[PDB]
Amino acid sequence: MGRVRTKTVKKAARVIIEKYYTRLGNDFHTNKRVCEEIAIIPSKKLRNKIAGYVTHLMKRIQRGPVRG
Amino acid sequence: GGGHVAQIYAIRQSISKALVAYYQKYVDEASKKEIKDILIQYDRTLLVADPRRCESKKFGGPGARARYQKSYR
Amino acid sequence: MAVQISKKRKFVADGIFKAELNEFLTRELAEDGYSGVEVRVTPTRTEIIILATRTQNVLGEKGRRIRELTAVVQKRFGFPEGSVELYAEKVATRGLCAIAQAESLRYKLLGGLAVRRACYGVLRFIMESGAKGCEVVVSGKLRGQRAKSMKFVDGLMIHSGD
Amino acid sequence: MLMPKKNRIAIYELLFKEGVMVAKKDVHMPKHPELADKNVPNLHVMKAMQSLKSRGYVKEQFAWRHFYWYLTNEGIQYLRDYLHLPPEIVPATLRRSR
Amino acid sequence: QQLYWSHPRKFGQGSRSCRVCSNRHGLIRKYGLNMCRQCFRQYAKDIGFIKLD
Amino acid sequence: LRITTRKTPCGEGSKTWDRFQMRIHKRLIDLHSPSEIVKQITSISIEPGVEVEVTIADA
Amino acid sequence: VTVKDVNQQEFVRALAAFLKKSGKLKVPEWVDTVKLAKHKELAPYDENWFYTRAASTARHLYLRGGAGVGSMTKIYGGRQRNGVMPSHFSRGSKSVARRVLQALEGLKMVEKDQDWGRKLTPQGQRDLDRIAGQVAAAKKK
RNA sequence: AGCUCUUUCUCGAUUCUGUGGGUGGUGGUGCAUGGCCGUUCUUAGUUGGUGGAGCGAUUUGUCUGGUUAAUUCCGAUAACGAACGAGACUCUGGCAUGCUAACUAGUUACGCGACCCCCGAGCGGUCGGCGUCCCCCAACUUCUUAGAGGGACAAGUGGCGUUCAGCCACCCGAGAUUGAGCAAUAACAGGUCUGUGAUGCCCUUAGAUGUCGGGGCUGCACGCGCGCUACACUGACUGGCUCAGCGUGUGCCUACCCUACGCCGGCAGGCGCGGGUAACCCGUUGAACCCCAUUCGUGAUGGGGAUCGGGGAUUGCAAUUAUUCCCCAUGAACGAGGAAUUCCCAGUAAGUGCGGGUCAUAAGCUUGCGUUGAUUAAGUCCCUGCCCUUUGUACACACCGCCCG
């Protein structure tokens, strides 16, 4: 809607997932911690927004291979 | 703080929250839950604070969403 | 005694004071490449450090102009002799002090020179310093009736936000 | 600009000794704080200074309605003459440093 | 000497200006800054007045 | 500190408004001692942007 | 009842009457003529009203550390109709309240308080509490 | 005004007089110019690399479709991977019996006696009781405060949709959208020379177009725009309940503060004090709507407060052309507004007071702030406005444009 994730976010999600799949999880709370370890992200809101979209992906991937 | 109605809503909320806070440390949990039930059910916010608060007025109207007047020509 | 003055009025006062000072130097030190000032309050002195990069000119023969400046600042800011003090100070690279580069254009054009040569040169020099990006705009009237403006940018710059 | 032959000396003499002068851009305060064996404000001081400058001898900076007056080298010789004073003169520079 | 030459200047628009520019119009007198608005716009950064919202 | 002005210098134009702030922050800290730790503890603790006042006692 | 116990309207109503019976309060000879506030439209319908204000004030002071006429003028002060202009506060008279304050003193209900402002006296504190009880006692209803 | 003149002292080489030359101007031109600013626009617009497509300027990328507040995303597609505006970003404000703290902030709870009232009980000692005051070698951070902390990611679940991007409902709970600030590419004969010791040229410059005395700006058959106040019984009134918040101050660039409290006066106000560089004091901002016990009674009446007369006082050296305020009197139109037309979705519209800017004095203004608080779409492109394709165009100073006798 009004919240459509932008590329800078969506890219990072594709990005991490490509190099992080077996590390990442089903749950928002933990990847968020993981993004601190595996990436340098400048604001907390961005890092959250990233963790969150990539989780939405992991939730989807873990139910059927996702387009790209 | 607030004003005449404002105050009423605050005091009533404080009292019900009070009673429940009290059953939580001294009585037992089932009682307090019973009370949150009755309030929350019928309610009025008694145990939860309503968010709603002033929006700031913006130049060009004397209110927040109110815009002054125009005549065109 | 007092002499006092309000804390809120005091700070605003200090800010304005700094505004004067900055304006005065900007106008005097122009040939000097005056870049900016910093005024540090201490006990028993007021120090004004002039970040300019042509400090040699600021100094003067036998230690002169700085004295001539301190004296001014001291007299105008009712600074009894000796509290207030002035120091010059070379700026690290003249290349990232927008102000140095601007003064430069003023000088180049005033010199007589062209438009594209002056701008392109400043740009090339700034890029050479190794900055992120830079842009120079010239607005106004050259040689003709009508005003025109130009944007001369190189590298990368970000327009918006914090 | 205009003025006395005494006030003029006060201005020249102080200028020669100070090497600098300041005056707020007001023609009314008539008197100015510091020096001022009192008689004037910008005028006699401003005008005398303004005249001194036009012939060279002094460089004037306006900013913020104060007008800051800076004595020049050629000017030092000129006031040297007016004061008639002892060669080596030695005004508002003398100095040490570092 | 010229008793002639002044009438009260104590108060009103006529009793004040811009420490920056003489203008007796649109003068910011709050917090003792005493700058005309046009100037204050140009000097608000060096005074310490910064935009936040 | 809040200042509000029209953006022009000078007017015909949607009436637009600008508000600048200047934010003063205050603190105090209460010490009891003497001689060195006074002038010491004041003077480091020094540099930017920081007014400091030290007061004897009572009145 | 503490005076705090009784509703403000009945308390003031009862005390004001009690003062009337007592017969000794004292009264700027005026009171027939006076408006009580520039804001005011007409004077008071109950020309008898001097007593009511006194009661109101006594109760007003007992509640609080100390109060003075300016506060009362404003309290009594209502909104004044500028006419063309929008309405604004206008603290109500100062002679009436002052006289009220002076008169109350005579009875000792109130006394000059320290650091300005009149405070209730223990004599008054006792007196108000006593009537407060009488009012509470009257009835339920 | 020794300005001019009479009379004749005074200063003492500054000046005068002549030439050449400056200097100011709120003088003119914004259609000669910088900056700043409005507008297109907070619209979704904008561009490069590298390749493909063309002799070439160029084009694709940057799109049929879906979706989005947004060229926001997905997908498809000869493009791929990026940047610019949007966004992210910053600011403000709510959810934190968590965090670290606080005598220039409060609270608990003493120790609390006292004042101390008896308010009820008791015959009283004594018990329970609301406040003020005591202040303490009491305790606290809950309210308050300002710093750091976390929370929202439409997270889970369920329908719908390319089963995608998303959309909708539901839970926890502050619920996805609290509200601003920041603004690109490129434009305009938009506005500004009266903000500028920014500025050109021009104009003027001793008989000034640079200052004082005095007036205009404030002259009234008439039209317009923003507003204010109204048209009454949801009201006008008198007594009485009664709570706040953003902000503010003197000891100042040159004359001066906010003001509680006593007295006098109907008022307006006068007068004597005393604190306060303020989280200390004014100010638990004891506001106003409102609530309420009465009166009025549907009469332009008590709705309304115009105009005028007389009079009191405040500011200022000076108020007459009312600065303003009060007191009385005189007591208008207006009894719901045609053609038209503005603005608006939640603390929002609307009522309602307050504070700041102007300021010596002067608010019907602007500019916020809290208080009281709805009706109503929840969408869409009809009108209007602007940008999206496709299309037409004798247009291109672009329809406010350019065709026949």
# chains A, B, ... in the order shown; residues from 1 in each chain; ligands from 1
call {"tool": "residues_around", "arguments": {"residues": "segment 14-26 of chain F", "least_positions_apart": "3", "cutoff": "10 Å", "atoms": "only C-alpha atoms (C1' of nucleotides)", "output": "count of residues only"}}
result
35
call {"tool": "select_by_dssp", "arguments": {"residues": "chain F", "states": "strand (DSSP E or B)", "output": "number ranges by chain"}}
result
F: 2-6, 17-21
call {"tool": "write_last_selection", "arguments": {"atoms": "C-alpha atoms", "output": "PDB file, in the first residue's frame"}}
result
ATOM      1  CA  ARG F   2      11.691  29.130  18.498  1.00  0.00           C
ATOM      2  CA  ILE F   3      11.728  31.703  15.702  1.00  0.00           C
ATOM      3  CA  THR F   4       8.960  31.904  13.045  1.00  0.00           C
ATOM      4  CA  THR F   5       9.137  33.872   9.840  1.00  0.00           C
ATOM      5  CA  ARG F   6       7.787  34.177   6.360  1.00  0.00           C
ATOM      6  CA  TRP F  17       6.328  29.655   7.129  1.00  0.00           C
ATOM      7  CA  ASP F  18       9.699  28.612   8.524  1.00  0.00           C
ATOM      8  CA  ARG F  19      10.533  27.888  12.079  1.00  0.00           C
ATOM      9  CA  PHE F  20      14.119  27.654  13.323  1.00  0.00           C
ATOM     10  CA  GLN F  21      14.981  26.337  16.736  1.00  0.00           C
TER      11      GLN F  21
END
call {"tool": "closest_atom_pairs", "arguments": {"of": "chain B", "to": "chain H", "cutoff": "7 Å", "atoms": "only C-alpha atoms (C1' of nucleotides)", "output": "CSV"}}
result
residue,atom,partner,partner_atom,distance
B:1,CA,H:244,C1',5.5
B:2,CA,H:244,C1',5.7
B:3,CA,H:243,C1',4.5
B:4,CA,H:243,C1',6.0
B:51,CA,H:94,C1',6.1
B:52,CA,H:347,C1',6.1
B:53,CA,H:347,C1',5.1
B:54,CA,H:347,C1',4.6
B:55,CA,H:347,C1',6.2
B:56,CA,H:179,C1',6.6
B:65,CA,H:344,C1',6.2
B:66,CA,H:344,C1',5.7
B:67,CA,H:343,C1',5.3
B:68,CA,H:343,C1',6.9
B:69,CA,H:342,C1',5.0
B:70,CA,H:342,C1',5.3
B:71,CA,H:225,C1',6.9
call {"tool": "write_last_selection", "arguments": {"atoms": "C-alpha atoms", "output": "short mmCIF file (atom, residue, chain, number, x, y, z; two decimals), in the first residue's frame"}}
result
data_model
loop_
_atom_site.label_atom_id
_atom_site.label_comp_id
_atom_site.auth_asym_id
_atom_site.auth_seq_id
_atom_site.Cartn_x
_atom_site.Cartn_y
_atom_site.Cartn_z
CA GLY B 1 -4.09 17.91 33.72
CA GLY B 2 -6.56 17.57 30.92
CA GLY B 3 -9.96 19.10 31.65
CA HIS B 4 -13.32 18.00 33.06
CA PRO B 51 -3.88 6.76 22.23
CA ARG B 52 -5.79 9.57 20.62
CA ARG B 53 -4.05 12.93 21.07
CA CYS B 54 -3.78 16.40 19.50
CA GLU B 55 -2.62 16.73 15.91
CA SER B 56 -0.58 19.93 15.26
CA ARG B 65 -6.89 19.79 8.56
CA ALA B 66 -8.86 23.02 8.21
CA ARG B 67 -7.49 25.18 5.41
CA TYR B 68 -8.16 28.92 5.51
CA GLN B 69 -10.32 30.47 2.82
CA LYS B 70 -9.78 31.33 -0.87
CA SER B 71 -11.75 33.55 -3.25
#
call {"tool": "interface_residues", "arguments": {"of": "chain H", "to": "chain A", "cutoff": "10 Å", "atoms": "only C-alpha atoms (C1' of nucleotides)", "output": "PyMOL selection string"}}
result
chain H and resi 67-70+72-73+87-89+153-155+164-167+176-177
call {"tool": "residues_around", "arguments": {"residues": "residue 19 of chain E", "least_positions_apart": "5", "cutoff": "9 Å", "atoms": "only C-alpha atoms (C1' of nucleotides)", "output": "list in words"}}
result
residues 64 and 65 of chain D; 33, 34, 35 and 36 of chain E; 253 of chain H
call {"tool": "write_last_selection", "arguments": {"atoms": "N, CA and C atoms (P, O5', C5', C4', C3', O3' and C1' of nucleotides)", "output": "PDB file, in the first residue's frame"}}
result
ATOM      1  N   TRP D  64      28.940  45.619   9.182  1.00  0.00           N
ATOM      2  CA  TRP D  64      28.109  45.755  10.379  1.00  0.00           C
ATOM      3  C   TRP D  64      28.066  47.174  10.929  1.00  0.00           C
ATOM      4  N   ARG D  65      28.107  48.182  10.070  1.00  0.00           N
ATOM      5  CA  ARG D  65      27.915  49.541  10.570  1.00  0.00           C
ATOM      6  C   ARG D  65      28.931  49.770  11.686  1.00  0.00           C
TER       7      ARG D  65
ATOM      8  N   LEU E  33      18.082  39.272  19.984  1.00  0.00           N
ATOM      9  CA  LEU E  33      18.890  39.192  18.757  1.00  0.00           C
ATOM     10  C   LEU E  33      18.870  40.440  17.890  1.00  0.00           C
ATOM     11  N   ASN E  34      17.705  41.036  17.710  1.00  0.00           N
ATOM     12  CA  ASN E  34      17.648  42.328  17.065  1.00  0.00           C
ATOM     13  C   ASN E  34      18.242  42.313  15.661  1.00  0.00           C
ATOM     14  N   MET E  35      17.713  41.405  14.855  1.00  0.00           N
ATOM     15  CA  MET E  35      18.101  41.257  13.473  1.00  0.00           C
ATOM     16  C   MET E  35      16.797  41.422  12.704  1.00  0.00           C
ATOM     17  N   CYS E  36      16.853  42.020  11.516  1.00  0.00           N
ATOM     18  CA  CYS E  36      15.688  42.080  10.652  1.00  0.00           C
ATOM     19  C   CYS E  36      15.506  40.713  10.057  1.00  0.00           C
TER      20      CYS E  36
ATOM     21  P     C H 253      23.140  45.010  25.516  1.00  0.00           P
ATOM     22  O5'   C H 253      22.229  45.834  24.503  1.00  0.00           O
ATOM     23  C5'   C H 253      22.016  47.244  24.711  1.00  0.00           C
ATOM     24  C4'   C H 253      22.556  48.128  23.597  1.00  0.00           C
ATOM     25  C3'   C H 253      21.728  48.209  22.323  1.00  0.00           C
ATOM     26  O3'   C H 253      20.752  49.212  22.120  1.00  0.00           O
ATOM     27  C1'   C H 253      24.061  48.186  21.820  1.00  0.00           C
TER      28        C H 253
END
call {"tool": "residues_around", "arguments": {"residues": "residue 335 of chain H", "least_positions_apart": "5", "cutoff": "10 Å", "atoms": "only C-alpha atoms (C1' of nucleotides)", "output": "list in words"}}
result
residues 231, 232, 300 and 303 of chain H
call {"tool": "residues_around", "arguments": {"residues": "residue 92 of chain C", "least_positions_apart": "4", "cutoff": "12 Å", "atoms": "only C-alpha atoms (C1' of nucleotides)", "output": "PyMOL selection string"}}
result
chain C and resi 35+51-54+96-97+100+129
call {"tool": "write_last_selection", "arguments": {"atoms": "N, CA and C atoms", "output": "PDB file, in the first residue's frame"}}
result
ATOM      1  N   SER C  35      38.926  30.994   5.664  1.00  0.00           N
ATOM      2  CA  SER C  35      38.048  29.844   5.569  1.00  0.00           C
ATOM      3  C   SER C  35      36.992  29.813   6.662  1.00  0.00           C
ATOM      4  N   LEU C  51      40.897  30.040  10.767  1.00  0.00           N
ATOM      5  CA  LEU C  51      41.300  28.990   9.860  1.00  0.00           C
ATOM      6  C   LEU C  51      41.297  29.615   8.483  1.00  0.00           C
ATOM      7  N   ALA C  52      42.496  29.912   7.996  1.00  0.00           N
ATOM      8  CA  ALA C  52      42.666  30.515   6.699  1.00  0.00           C
ATOM      9  C   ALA C  52      43.858  29.887   6.019  1.00  0.00           C
ATOM     10  N   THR C  53      43.912  29.645   4.751  1.00  0.00           N
ATOM     11  CA  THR C  53      45.161  28.989   4.587  1.00  0.00           C
ATOM     12  C   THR C  53      46.364  29.865   4.267  1.00  0.00           C
ATOM     13  N   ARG C  54      46.171  31.175   4.012  1.00  0.00           N
ATOM     14  CA  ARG C  54      47.328  32.014   3.733  1.00  0.00           C
ATOM     15  C   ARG C  54      47.806  32.708   5.000  1.00  0.00           C
ATOM     16  N   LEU C  96      38.727  20.753  -0.063  1.00  0.00           N
ATOM     17  CA  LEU C  96      37.422  20.388   0.483  1.00  0.00           C
ATOM     18  C   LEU C  96      36.760  21.520   1.269  1.00  0.00           C
ATOM     19  N   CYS C  97      37.207  22.999   1.172  1.00  0.00           N
ATOM     20  CA  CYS C  97      36.682  24.150   1.899  1.00  0.00           C
ATOM     21  C   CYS C  97      35.808  25.019   1.003  1.00  0.00           C
ATOM     22  N   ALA C 100      37.143  28.100   0.092  1.00  0.00           N
ATOM     23  CA  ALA C 100      38.366  28.417  -0.593  1.00  0.00           C
ATOM     24  C   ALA C 100      38.145  28.363  -2.080  1.00  0.00           C
ATOM     25  N   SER C 129      41.742  16.373  -5.723  1.00  0.00           N
ATOM     26  CA  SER C 129      42.012  16.350  -4.302  1.00  0.00           C
ATOM     27  C   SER C 129      41.605  14.959  -3.851  1.00  0.00           C
TER      28      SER C 129
END
call {"tool": "closest_atom_pairs", "arguments": {"of": "chain D", "to": "chain H", "cutoff": "8 Å", "atoms": "only C-alpha atoms (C1' of nucleotides)", "output": "Markdown table"}}
result
| residue | atom | partner | partner_atom | distance |
| --- | --- | --- | --- | --- |
| D:2 | CA | H:14 | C1' | 5.8 |
| D:3 | CA | H:14 | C1' | 5.5 |
| D:4 | CA | H:14 | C1' | 5.3 |
| D:5 | CA | H:14 | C1' | 5.6 |
| D:62 | CA | H:197 | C1' | 6.0 |
| D:63 | CA | H:197 | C1' | 6.5 |
| D:64 | CA | H:197 | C1' | 7.9 |
| D:65 | CA | H:197 | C1' | 7.6 |
call {"tool": "residues_around", "arguments": {"residues": "residue 24 of chain E", "least_positions_apart": "5", "cutoff": "7 Å", "atoms": "only C-alpha atoms (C1' of nucleotides)", "output": "list in words"}}
result
residues 13, 14, 16, 17 and 18 of chain E
call {"tool": "write_last_selection", "arguments": {"atoms": "N, CA, C and O atoms", "output": "short mmCIF file (atom, residue, chain, number, x, y, z; two decimals), in the first residue's frame"}}
result
data_model
loop_
_atom_site.label_atom_id
_atom_site.label_comp_id
_atom_site.auth_asym_id
_atom_site.auth_seq_id
_atom_site.Cartn_x
_atom_site.Cartn_y
_atom_site.Cartn_z
N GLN E 13 9.27 52.11 16.45
CA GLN E 13 10.04 51.51 15.36
C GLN E 13 11.33 52.30 15.20
O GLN E 13 12.40 51.74 14.93
N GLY E 14 11.20 53.60 15.37
CA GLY E 14 12.26 54.56 15.14
C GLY E 14 13.38 54.48 16.14
O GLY E 14 14.46 55.00 15.90
N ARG E 16 15.11 51.79 17.03
CA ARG E 16 15.84 50.53 16.82
C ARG E 16 15.99 50.14 15.34
O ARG E 16 15.31 50.69 14.48
N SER E 17 16.87 49.18 15.05
CA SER E 17 17.12 48.75 13.69
C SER E 17 17.55 47.29 13.56
O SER E 17 17.08 46.43 14.29
N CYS E 18 18.41 47.04 12.58
CA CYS E 18 19.07 45.75 12.42
C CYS E 18 20.55 45.95 12.79
O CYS E 18 21.21 46.84 12.24
#
call {"tool": "residues_around", "arguments": {"residues": "residue 81 of chain C", "least_positions_apart": "4", "cutoff": "12 Å", "atoms": "only C-alpha atoms (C1' of nucleotides)", "output": "number ranges by chain"}}
result
C: 44-46, 67, 70-77, 85
call {"tool": "write_last_selection", "arguments": {"atoms": "N, CA and C atoms", "output": "short mmCIF file (atom, residue, chain, number, x, y, z; two decimals), in the first residue's frame"}}
result
data_model
loop_
_atom_site.label_atom_id
_atom_site.label_comp_id
_atom_site.auth_asym_id
_atom_site.auth_seq_id
_atom_site.Cartn_x
_atom_site.Cartn_y
_atom_site.Cartn_z
N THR C 44 40.38 33.92 31.53
CA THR C 44 41.42 34.93 31.36
C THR C 44 41.83 35.27 29.91
N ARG C 45 41.16 34.66 28.94
CA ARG C 45 41.47 34.98 27.55
C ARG C 45 40.29 34.66 26.65
N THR C 46 40.25 35.28 25.48
CA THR C 46 39.30 34.88 24.50
C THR C 46 40.13 34.63 23.28
N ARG C 67 48.13 41.08 15.11
CA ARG C 67 48.03 42.07 16.17
C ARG C 67 47.01 43.14 15.82
N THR C 70 43.65 41.38 16.34
CA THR C 70 43.30 41.13 17.71
C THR C 70 42.88 42.43 18.29
N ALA C 71 43.62 43.50 17.96
CA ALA C 71 43.33 44.78 18.50
C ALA C 71 41.93 45.15 18.11
N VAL C 72 41.54 44.90 16.84
CA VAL C 72 40.22 45.27 16.41
C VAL C 72 39.19 44.50 17.18
N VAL C 73 39.32 43.16 17.21
CA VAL C 73 38.34 42.32 17.83
C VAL C 73 38.21 42.73 19.27
N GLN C 74 39.35 43.01 19.90
CA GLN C 74 39.39 43.42 21.30
C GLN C 74 38.69 44.75 21.57
N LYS C 75 38.88 45.71 20.67
CA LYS C 75 38.30 47.01 20.87
C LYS C 75 36.81 46.93 20.69
N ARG C 76 36.38 46.32 19.58
CA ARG C 76 34.95 46.23 19.24
C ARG C 76 34.11 45.41 20.23
N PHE C 77 34.64 44.27 20.65
CA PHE C 77 34.01 43.43 21.66
C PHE C 77 34.45 43.86 23.06
N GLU C 85 42.49 37.12 22.17
CA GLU C 85 43.71 36.78 21.48
C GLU C 85 43.40 36.14 20.15
#
call {"tool": "atom_distance", "arguments": {"atom1": "atom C1' of residue 103 of chain H", "atom2": "atom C1' of residue 273 of chain H"}}
result
29.2 Å
call {"tool": "interface_residues", "arguments": {"of": "chain H", "to": "chain G", "cutoff": "8 Å", "atoms": "only C-alpha atoms (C1' of nucleotides)", "output": "ChimeraX atom specification"}}
result
/H:115-120,130-132,228-229,237-241,261,265-267,288,293,305,353,364
call {"tool": "write_last_selection", "arguments": {"atoms": "C-alpha atoms (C1' of nucleotides)", "output": "PDB file, in the first residue's frame"}}
result
ATOM      1  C1'   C H 115      -2.095  24.355  63.738  1.00  0.00           C
ATOM      2  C1'   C H 116      -5.735  21.494  65.129  1.00  0.00           C
ATOM      3  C1'   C H 117     -11.200  20.802  63.616  1.00  0.00           C
ATOM      4  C1'   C H 118     -13.922  18.405  66.490  1.00  0.00           C
ATOM      5  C1'   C H 119     -15.992  15.889  61.073  1.00  0.00           C
ATOM      6  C1'   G H 120     -17.996  11.084  63.285  1.00  0.00           C
ATOM      7  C1'   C H 130      -8.892  16.121  54.274  1.00  0.00           C
ATOM      8  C1'   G H 131      -5.370  20.014  54.274  1.00  0.00           C
ATOM      9  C1'   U H 132      -1.351  23.468  55.745  1.00  0.00           C
ATOM     10  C1'   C H 228     -14.892  39.371  13.339  1.00  0.00           C
ATOM     11  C1'   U H 229     -19.623  39.535  15.511  1.00  0.00           C
ATOM     12  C1'   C H 237     -28.454  36.372  32.247  1.00  0.00           C
ATOM     13  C1'   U H 238     -27.226  36.008  37.806  1.00  0.00           C
ATOM     14  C1'   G H 239     -25.123  33.292  42.022  1.00  0.00           C
ATOM     15  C1'   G H 240     -22.196  28.655  42.560  1.00  0.00           C
ATOM     16  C1'   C H 241     -18.949  23.306  40.810  1.00  0.00           C
ATOM     17  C1'   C H 261       0.648  40.276  48.349  1.00  0.00           C
ATOM     18  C1'   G H 265     -11.525  53.647  44.342  1.00  0.00           C
ATOM     19  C1'   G H 266     -18.070  51.319  41.644  1.00  0.00           C
ATOM     20  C1'   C H 267     -14.936  50.799  37.519  1.00  0.00           C
ATOM     21  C1'   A H 288     -12.229  29.786  29.222  1.00  0.00           C
ATOM     22  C1'   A H 293     -29.077  26.212  41.420  1.00  0.00           C
ATOM     23  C1'   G H 305     -23.894  45.688  20.113  1.00  0.00           C
ATOM     24  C1'   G H 353      -9.937  30.192  25.994  1.00  0.00           C
ATOM     25  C1'   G H 364     -10.867  42.390  15.279  1.00  0.00           C
TER      26        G H 364
END
call {"tool": "interface_residues", "arguments": {"of": "chain H", "to": "chain E", "cutoff": "6 Å", "atoms": "only C-alpha atoms (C1' of nucleotides)", "output": "JSON, numbers by chain"}}
result
{"H": [91, 181, 195, 212, 360]}
call {"tool": "atom_distance", "arguments": {"atom1": "atom CA of residue 84 of chain D", "atom2": "atom CA of residue 32 of chain D"}}
result
26.8 Å
call {"tool": "select_by_dssp", "arguments": {"residues": "segment 38-94 of chain C", "states": "alpha helix (DSSP H)", "output": "compact mmCIF listing (two decimals) with N, CA, C and O atoms, in the first residue's frame"}}
result
# COMPACT_ATOMS: atom_id res chain seq x y z
N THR C 55 48.13 31.90 6.00
CA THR C 55 48.57 32.39 7.29
C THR C 55 49.76 33.33 7.24
O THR C 55 49.87 34.18 8.11
N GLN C 56 50.60 33.22 6.22
CA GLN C 56 51.77 34.10 6.14
C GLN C 56 51.33 35.56 6.05
O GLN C 56 51.93 36.45 6.65
N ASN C 57 50.27 35.79 5.29
CA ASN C 57 49.71 37.09 5.06
C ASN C 57 48.98 37.57 6.28
O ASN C 57 48.83 38.78 6.49
N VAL C 58 48.39 36.64 7.06
CA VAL C 58 47.69 36.94 8.27
C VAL C 58 48.66 37.41 9.31
O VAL C 58 48.34 38.27 10.13
N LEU C 59 49.87 36.80 9.33
CA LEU C 59 50.91 37.11 10.28
C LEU C 59 51.40 38.51 10.10
O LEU C 59 51.22 39.34 10.99
N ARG C 65 49.86 41.82 11.37
CA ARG C 65 48.46 41.92 11.05
C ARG C 65 47.62 41.22 12.12
O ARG C 65 46.55 41.70 12.47
N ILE C 66 48.11 40.10 12.63
CA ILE C 66 47.33 39.39 13.61
C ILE C 66 47.09 40.32 14.76
O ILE C 66 46.01 40.36 15.33
N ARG C 67 48.13 41.08 15.11
CA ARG C 67 48.03 42.07 16.17
C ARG C 67 47.01 43.14 15.82
O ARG C 67 46.24 43.58 16.67
N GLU C 68 47.05 43.55 14.54
CA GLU C 68 46.15 44.57 14.08
C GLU C 68 44.76 44.06 14.18
O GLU C 68 43.95 44.85 14.60
N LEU C 69 44.48 42.72 13.98
CA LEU C 69 43.19 42.09 14.07
C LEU C 69 42.76 41.90 15.48
O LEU C 69 41.63 42.25 15.83
N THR C 70 43.65 41.38 16.34
CA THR C 70 43.30 41.13 17.71
C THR C 70 42.88 42.43 18.29
O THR C 70 41.88 42.51 19.01
N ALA C 71 43.62 43.50 17.96
CA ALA C 71 43.33 44.78 18.50
C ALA C 71 41.93 45.15 18.11
O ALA C 71 41.16 45.64 18.93
N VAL C 72 41.54 44.90 16.84
CA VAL C 72 40.22 45.27 16.41
C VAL C 72 39.19 44.50 17.18
O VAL C 72 38.31 45.07 17.82
N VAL C 73 39.32 43.16 17.21
CA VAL C 73 38.34 42.32 17.83
C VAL C 73 38.21 42.73 19.27
O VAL C 73 37.10 42.74 19.81
N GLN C 74 39.35 43.01 19.90
CA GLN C 74 39.39 43.42 21.30
C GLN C 74 38.69 44.75 21.57
O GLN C 74 37.98 44.89 22.57
N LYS C 75 38.88 45.71 20.67
CA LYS C 75 38.30 47.01 20.87
C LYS C 75 36.81 46.93 20.69
O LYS C 75 36.05 47.45 21.50
N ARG C 76 36.38 46.32 19.58
CA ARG C 76 34.95 46.23 19.24
C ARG C 76 34.11 45.41 20.23
O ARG C 76 33.01 45.82 20.60
